[PDB]
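The chain that follows stands alone, in the form deposited in one PDB entry, written as structure tokens.
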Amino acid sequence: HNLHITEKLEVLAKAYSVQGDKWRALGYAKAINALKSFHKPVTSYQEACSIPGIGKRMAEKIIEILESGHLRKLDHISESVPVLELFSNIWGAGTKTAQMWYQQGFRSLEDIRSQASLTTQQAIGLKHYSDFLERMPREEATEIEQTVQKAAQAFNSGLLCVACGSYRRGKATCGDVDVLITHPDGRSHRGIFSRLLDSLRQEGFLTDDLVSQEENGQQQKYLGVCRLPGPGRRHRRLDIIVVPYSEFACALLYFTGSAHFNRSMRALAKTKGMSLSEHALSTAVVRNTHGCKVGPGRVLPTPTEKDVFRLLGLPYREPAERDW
């Protein structure tokens, strides 16, 4: 499509991201996205600007890659970037921890492993470094959801379990497995993480826990690591959320994504005096001059994903159509 140019930009977008320049990186993330989805290749400056998500600043650079064949901005990128990227790829460590480790003189995982102070999460992230960077065939994602569902329906056959994220969007491979668990009656889902997690631990399915507030009966999510039985099995990331039935649709929509899809949909809802989150879609929300939800509006009835789209004056989209 425009790979000759986007591949160069992605490098730049990733550099800003790891350095903590969140908004600039988002800028490139949207320009790079627009290009990759533009039918024909770009050839003119005006041809660029005309595109949404691309402005003068960007259009100018898109020129280079074509005429100049290469972007000269990529030649002055700090030598620190590759190391920052290496560091931030450790689950539990972000741009702030990466830059701190770098300022401290660390340059490799060997340095991190032997000299860095690690949080419980980062220690787990490091021990599964390569695994956390791989994707799994969707078939395996199925085996995992099935494993979780079986264990859950074991103590309550009424429990509804669904694999979301990239899986539900129908991608061939998945980074992790997102399992949404809820119950049709609307109450039989409270305080089950304890039973579910312990059940999964019994059979040795779960290998490590990253995020799991179990001392609290109000736990909403579980982020961990699991591994299927047998030879040739890798450790996989597992994310589970348990939600009340009334919030099923918003939860399903959220967990299905994509992330960028979710953000775009939420941005639209805000322009219409509404608010969308994984818990609910509300209308008549009260916002300050900075657009922050100060006053609550009214929660709208949203029994199905269809309803959320409808209420936002949007054509429904199949999961595969939300793969932004």
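The term rigid core refers to the most C-alpha atoms you can superpose between the two forms while keeping them within 1.5 Å. Note that residue numbering follows the sequence shown and begins at 1.
Separately, the form deposited in another entry exists; it is not shown, and the next lines address it.
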Single mover in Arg266, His279, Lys293, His260, with Cα shift of 2 Å or more between the shown form and the other one when the core is superposed: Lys293
Flag for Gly217, CA shift 2 Å or larger between the shown form and the other one after aligning core: yes
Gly291 and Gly53, C-alpha gap in that other deposited form relative to this structure (3 Å or more): farther
Pairwise C-alpha change, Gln218 versus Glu305, in that other deposited form against this form - closer or farther, 3 angstroms or more: closer
